[PDB]
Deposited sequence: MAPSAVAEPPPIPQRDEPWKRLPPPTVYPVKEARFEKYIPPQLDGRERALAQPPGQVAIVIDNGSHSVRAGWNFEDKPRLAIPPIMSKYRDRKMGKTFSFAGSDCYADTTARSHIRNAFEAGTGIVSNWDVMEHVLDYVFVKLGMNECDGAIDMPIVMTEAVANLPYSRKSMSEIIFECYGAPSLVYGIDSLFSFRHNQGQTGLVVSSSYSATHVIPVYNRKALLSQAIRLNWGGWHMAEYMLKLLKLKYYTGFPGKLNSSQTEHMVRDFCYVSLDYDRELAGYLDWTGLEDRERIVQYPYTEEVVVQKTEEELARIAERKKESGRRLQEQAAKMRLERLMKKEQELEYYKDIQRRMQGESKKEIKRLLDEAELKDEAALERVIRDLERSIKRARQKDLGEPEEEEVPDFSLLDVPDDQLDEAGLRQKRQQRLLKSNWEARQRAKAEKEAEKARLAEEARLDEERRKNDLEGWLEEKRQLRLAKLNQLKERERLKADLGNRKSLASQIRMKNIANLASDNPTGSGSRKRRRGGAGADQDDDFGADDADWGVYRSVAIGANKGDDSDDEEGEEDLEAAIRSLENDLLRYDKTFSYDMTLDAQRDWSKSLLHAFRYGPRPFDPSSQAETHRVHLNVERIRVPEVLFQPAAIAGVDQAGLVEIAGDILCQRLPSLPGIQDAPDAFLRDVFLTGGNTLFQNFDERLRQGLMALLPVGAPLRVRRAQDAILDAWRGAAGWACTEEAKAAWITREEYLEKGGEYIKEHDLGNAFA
């Protein structure tokens, strides 16, 4: 009865990163880039560790959104070498390398990056001569900046280059004026105070947790849950789609958690992911570990359909909460997001001598940027966490960016050719004298 009353389970197929289509080079964009007025055209590249986004500053969306990966091998029976540099890596050999150091925002495999840039300029239709706007990590390492700008000037010969922070471009695109910028991305999570459109990067803080770490942690958990052996090949690309589709932030974690595996209504809290298959008086119904692994239904190892499926359960909410409880849930040994934001608003900014109307100036706009903020209740959870730390009735608002993935590129595109930007451009002839570490300090860039 307790299970026979239940309907047949709703089960979701696995999703994974895959090749979808050929994209021919967009030569129409190259023609427009020549027709548009002088000094008002640039190539805008957002170096997302999850997605390199590239396109024309005069256009409202990027032409490319491509993983920073390459593949290079010989079909030894065929002798010719093949090379791939984006979703043309079928992420069918999957002989792949990535430009970034895994779990960081910093480019580290420059041969991969150079092949990714080669792909970008081919697909934008380069027939070479065009200014480049390129996003950076916050506090991006000098050696990394030197190596990237060397590639831009020595290899590709571009006339000018400017470096700015993706979260700050996103803030500008959303009428940001003063505020606390909270970004969660693939690489990391940052809180940046912005005063009078200028970021106070000396008061920025990084969490070292992000969408990459969530997919990796979700994979560790699923491997442990099914340590007896899950017969499907668990991959981090699959758990990345699981974190997107099913995880959410809990409004009251311990209250929700402690009842999560309770047997009544577990078929609602549980969501079931089907891996592909081929087919020709104490007991389980009072065991917690059956609920954890297999939910309200009875289980049999005979069914190829009922093996080859993972039951998510507590990791639906346990995985996002590493942002809020990092040392408890994943041993990260860093302050949680609410404690970081609270430290900035309450301890740092009121002490800072040049600032006025702190916290209330910043507190009136806590701004959320980057894809890894898109969890359900992320904003309300951050609001209610800060509300307890602030003086009573303080004018706290938390706000989401529009389209919090692409909006960082749209900001750099809108900014790209303004007089503020063109005062920040470095020319090739400056680079040849100043070197690649030198930059024009500006409100959207590093010091």
According to the entry, C-alpha coordinates are missing for deposited residues 1 to 16, 108 to 110, 148 to 152, 305 to 600, 768 to 769
